[PDB]
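Structure record follows, encoded as structure tokens.
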Amino acid sequence: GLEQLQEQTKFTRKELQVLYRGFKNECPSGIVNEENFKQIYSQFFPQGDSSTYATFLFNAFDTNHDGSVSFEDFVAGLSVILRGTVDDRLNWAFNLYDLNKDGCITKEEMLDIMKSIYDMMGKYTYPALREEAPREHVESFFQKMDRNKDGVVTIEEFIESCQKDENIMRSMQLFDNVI
Amino acid sequence: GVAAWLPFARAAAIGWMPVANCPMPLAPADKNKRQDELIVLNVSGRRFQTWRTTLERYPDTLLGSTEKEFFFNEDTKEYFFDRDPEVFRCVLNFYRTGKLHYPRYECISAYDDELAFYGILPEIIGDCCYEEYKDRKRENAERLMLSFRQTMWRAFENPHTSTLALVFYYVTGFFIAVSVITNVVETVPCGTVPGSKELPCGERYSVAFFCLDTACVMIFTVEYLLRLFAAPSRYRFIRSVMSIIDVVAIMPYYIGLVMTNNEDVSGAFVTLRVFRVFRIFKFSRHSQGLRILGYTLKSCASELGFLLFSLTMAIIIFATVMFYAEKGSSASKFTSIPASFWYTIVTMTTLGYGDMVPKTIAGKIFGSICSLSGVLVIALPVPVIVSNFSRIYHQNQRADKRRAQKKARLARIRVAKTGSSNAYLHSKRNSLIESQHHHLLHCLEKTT
Amino acid sequence: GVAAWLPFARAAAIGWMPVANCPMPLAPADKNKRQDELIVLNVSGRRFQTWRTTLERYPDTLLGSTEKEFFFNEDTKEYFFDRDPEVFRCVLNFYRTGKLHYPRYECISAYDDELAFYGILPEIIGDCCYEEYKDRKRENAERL
Amino acid sequence: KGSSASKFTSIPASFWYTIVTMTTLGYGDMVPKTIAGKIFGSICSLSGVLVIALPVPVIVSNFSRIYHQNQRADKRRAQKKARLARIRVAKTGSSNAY
Amino acid sequence: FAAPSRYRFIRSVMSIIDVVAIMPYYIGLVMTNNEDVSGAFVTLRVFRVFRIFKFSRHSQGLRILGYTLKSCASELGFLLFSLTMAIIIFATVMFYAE
């Protein structure tokens, strides 16, 4: 319903109407299966491959573990990102990174996501292209965002370590301007 | 659906109240009720109008639900749908009457797309116009539908891959021909040989033909083994028909020389030589028409079954009648009802060799009826067979042509995406939408 | 074509910001933006209506370009085209969905004339109804 | 092959019979005399009928199509002169109006 | 015994077929060679083949054949008539010429 969505999400009514018209225009009532999601991303990322990261966050948006994403699944996830607090965005990010949803990220779990994002740049990168370089990026991340020093980052580990920074905090306010 | 006779049912419930000697009648279910009003559906500028009680008849669809409140404008009091206004009329008329029609002039894909948008299912199309919906949808569907082993499997199942495949195909389509010509010629009785018996060429120059057919069968068996080694599913291949054809074309020579005249009776090798002609079916790989012939013989086997049945029925009937009408005569060749099958099959096919002709009035009358009866019972499967043949041929034509244009539109789409990427690279070297997309890509450029 | 999921892509870009230990993220490209409005196409008296974001999906044609400003009236706020109102519907439905259909009951020459006027090419007719377009056009050519 | 005075002396010599049987001609100078010969002649006749019945519809349809094509071609070439007459009549009328 | 309308059944065609397929044996053994001339039993043996029509119950095509022979009897009438006419004409001409 339009009213229950008016109250569940931080959106106004006209912003809900615009989003619903667009959503249903792109996939009418065959709401989305995990394959059409990736085909929808494929329009925004030429020169690269986006299917793996698309699959990675399709399960983040799928709150229940059904095979499909509805409109409330879509719009609740958009509201928790575009209208929520910085802590809510960070919780969403961490829950995306943590694969098995246990509460801790190991080097394999985030290595997979780093490979996924790197695949999106595509065939040719203007500087060199390596694999131990994504390993180095994972290493720099675990350097910047861990006090456990056990090669494992946790929910509070990521929350309190990701807040102290400056440039990423100026970044994570990008999602408030244009909506 | 039925909601305007509900006052009538309530009024009819008067018959129960005096016989409702049961103490309490239930208190009425009166609630807040507001009148019907005309609601205005503004579909692509075209204004439709209807009572809302008409739309609340099917509450499992877009218009009967509260989903349509996503399309309402409080400032204009109208629902606006940015959809096609010519198919929405069929949806509205489904809500009014109760049956969903199909406009014969409408593209089936647009119709299906609109039905999917509004929540209607194509299963509830009225019987008045539902066969033609299925017709058009069937037609639309059918219109829109390793370096050593798999490379040679791609060469085999497509002889036009490389000129090496073309040469291999044109050389395997040569030993078939030479073996066929050899098996034909080996029976030609030639050479007077005024010193000895008159013999056919095949047994006079015995080894000269042994060389030829041995070469041919070795090539056949080696290319068959190569087909086997390139077969991905080596059990689906064995079950195929061409595999059976090749097996039964090569084995009449193996079975032949294993049991050679070391043990021979003349009544058993003519069968091994007759089977040697079935290798002429190996041309199935070379001519598409010979494959379409098999496809159409298999597509209409229900007609050939009835052909055989009605034919043998008419043969038995007319052979009985002709035998009993022609039994007693001077030198009658109608000695038996089986012996009268010959005549009948020579007469039903309008062949008429003339070695058996009736000589009595009844025989002549019934032969004259047998000829026409055969004509009409053989004229039944021929239109079906030729129609199926032409249909399958023109089907394959359009299939290949559509598979051609599919590559053209794929070329179109990746050309467009290349153009978009070049537009991004151009904007990086310094239209109200691409700004945000390019900014998203630039934010991604963090990766390095 | 795909422009209503762009907010969704921007929101999905949240996964990169924590791993963006590269110092600077690019400043946003915010510009002056005005809402969608219903624009009124007055084709031969018949009034069609659509969001202008629907027409700006193909900017190499008459309706997606600024060429249509030659047909605008500031006093009536409407675009007036003195054209046939029954083939314009197919053009508008091409702008909406993305596939161009062919009405089987329409003369092929009138259809080609309207497509030529609006800047559409007969090459982008959807596969659903494209064999019959070619059929009718072949017959029309060989007849003329 | 093996018969009293068999005229099936060779596989080429058996072409004649077959082409006389597939076309439903049946001269009768060569007829089988064995059960297998009769069975296979009876199958040969029907097989010939069905393999010759394939090109005939195509040929006759193409013939009628080309004939009715030439008809309409000449008729349209006739009416073209009529509309050309119409147009230069109109232009003569405009010059006379001037 | 299962026929609801035991008079509509007797008037049907399959009933006639069954009757005329069974009776050539009854009529046959009632008047057996105790009184026989060879010119009358071959008719009883010819009628014995009409029991092959009892396959009408088993094959739908054989019923559709009867349905279409009855649906277009107006064409078979003209066929028989024109055939008889042409036969008489050409037989007259050929007899007087030959």
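Shown for chain B, in order and in Swiss-Prot numbering: 4-148, 163-447, 470-487.
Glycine residues also receive a Cβ, built from the backbone N, Cα and C atoms like all the rest.
Among the features that Swiss-Prot reports, Zn(2+) binding site is placed at B:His104, B:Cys110, B:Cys131, B:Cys132. Every protein chain shown contributes to the tally, and the Cβ of B:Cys110 (Zn(2+) binding site) ends up with 22 other Cβ atoms within 10 Å.
The K(+) binding site feature in Swiss-Prot is assigned to B:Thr367, B:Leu368, B:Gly369, B:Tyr370; the stated evidence is similarity to another entry. Its Cβ taken as reference, B:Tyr370 (K(+) binding site) is surrounded by 21 other Cβ atoms within 10 Å in the chains shown. The DSSP secondary structure for B:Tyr370 (K(+) binding site) is coil.
Residues or ranges marked as intramembrane segment in Swiss-Prot (evidence: experimental evidence): B:353-366 (among others).
The intramembrane segment annotation in Swiss-Prot covers B:367-374 (among others) and is backed by similarity to another entry.
The annotation region 'Mediates dendritic targeting' is assigned in Swiss-Prot to B:472-487. Listed by sequence, the residues of this chain that lie at least six past the ends of the region 'Mediates dendritic targeting' (B:472-487) yet keep a Cβ under 8 A from its Cβ atoms are 440-441, 444-445.
Here Swiss-Prot flags B:367-372 as motif 'Selectivity filter', drawing on similarity to another entry. Remote same-chain partners of the motif 'Selectivity filter' (B:367-372), defined as residues 6 or more beyond its termini with a Cβ less than 8 Å from a stretch Cβ, comprise 350, 388, 391-392.
Residues or ranges marked as topological domain 'Extracellular' in Swiss-Prot: B:205-223 (among others).
Sequence annotations record features per position, and here Swiss-Prot assigns topological domain 'Cytoplasmic' to B:247-253 (among others) based on a curator's inference.
The topological domain 'Extracellular' annotation in Swiss-Prot covers B:278-283 (among others).
For the topological domain 'Cytoplasmic' (B:307-318), the residues of the chain that approach it from at least six positions outside its boundaries are 258, 300-301, 398, 401-402, 405-406, 409-410, 413, judged by C-beta separation under 8 angstroms. The annotation topological domain 'Cytoplasmic' is assigned in Swiss-Prot to B:307-318 (among others).
What Swiss-Prot records for B:344-352 (among others) is topological domain 'Extracellular', and it gives a curator's inference as the kind of evidence. Sequence-distant contacts of the topological domain 'Extracellular' (B:344-352) (same chain, six or more residues past either end, CB-CB distance under 8 Å): 360, 372-373, 376-377.
Here Swiss-Prot flags B:183-204 (among others) as transmembrane segment, drawing on experimental evidence. Tertiary proximity for the transmembrane segment (B:183-204) is limited to same-chain residues at least six positions away from its ends with a CB under 8 Å from its CB atoms, namely 172, 176-177, 217-220, 226, 229-230, 232-234, 236-237, 240, 290, 293-294, 296-297, 299-300, 302-303.
What Swiss-Prot lists as transmembrane segment is B:224-246 (among others), and the listing cites experimental evidence.
With a cut-off of 8 Å between Cβ atoms, the residues of this chain six or more beyond the transmembrane segment (B:254-277) that come close are 230-231, 234, 237-238, 241, 244-245, 248, 286, 289-290, 292-293, 295-296, 298-299, 301-302, 311. Sequence annotations record features per position, and here Swiss-Prot assigns transmembrane segment to B:254-277 (among others) based on experimental evidence.
Marked as transmembrane segment by Swiss-Prot: B:284-306 (among others).
Taken from Swiss-Prot, the feature transmembrane segment covers B:319-343 (among others), and the record attributes it to experimental evidence. With a cut-off of 8 Å between Cβ atoms, the residues of this chain six or more beyond the transmembrane segment (B:319-343) that come close are 349, 351, 353-358, 360-362, 364-365, 375-377, 379-380, 383-384, 386-387, 390-391, 394-395, 397-398, 401-402.
Contact annotation for chain C: of the listed binding-site residues (B:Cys110, B:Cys131, B:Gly369, B:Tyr370), B:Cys110 place their CB atoms under 8 A from a CB atom of that chain. The list of residues near the topological domain 'Extracellular' (B:205-223) in space but at least 6 beyond its ends in sequence, with Cβ under 8 angstroms from a Cβ of it, is empty.
Straight-line distance linking the Cα atoms of B:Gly369 (K(+) binding site) and B:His104 (Zn(2+) binding site), rounded to a whole number, equals 58 Å. Note on B:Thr367 (K(+) binding site): other Cβ atoms within 10 Å of its Cβ, all shown chains, come to 16. Around B:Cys131 (Zn(2+) binding site), the same-chain residues six or more apart in sequence whose CB sits under 8 Å from its CB are B:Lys102, B:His104, listed in sequence order. Proximity to chain D (Cβ-Cβ under 8 A) holds for B:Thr367, B:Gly369 out of the binding-site residues B:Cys110, B:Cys131, B:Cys132, B:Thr367, B:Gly369.
If you take the C-beta of B:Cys132 (Zn(2+) binding site) and look for same-chain residues 6 or more apart in sequence within under 8 angstroms, you find B:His104, B:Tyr105, B:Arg107. Counting only residues at least six positions away in the same chain, no Cβ atom sits under 8 Å from the Cβ of B:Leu368 (K(+) binding site). Per DSSP, the secondary structure of the topological domain 'Extracellular' (B:344-352) breaks down as 0 helix, 0 strand, 9 coil.
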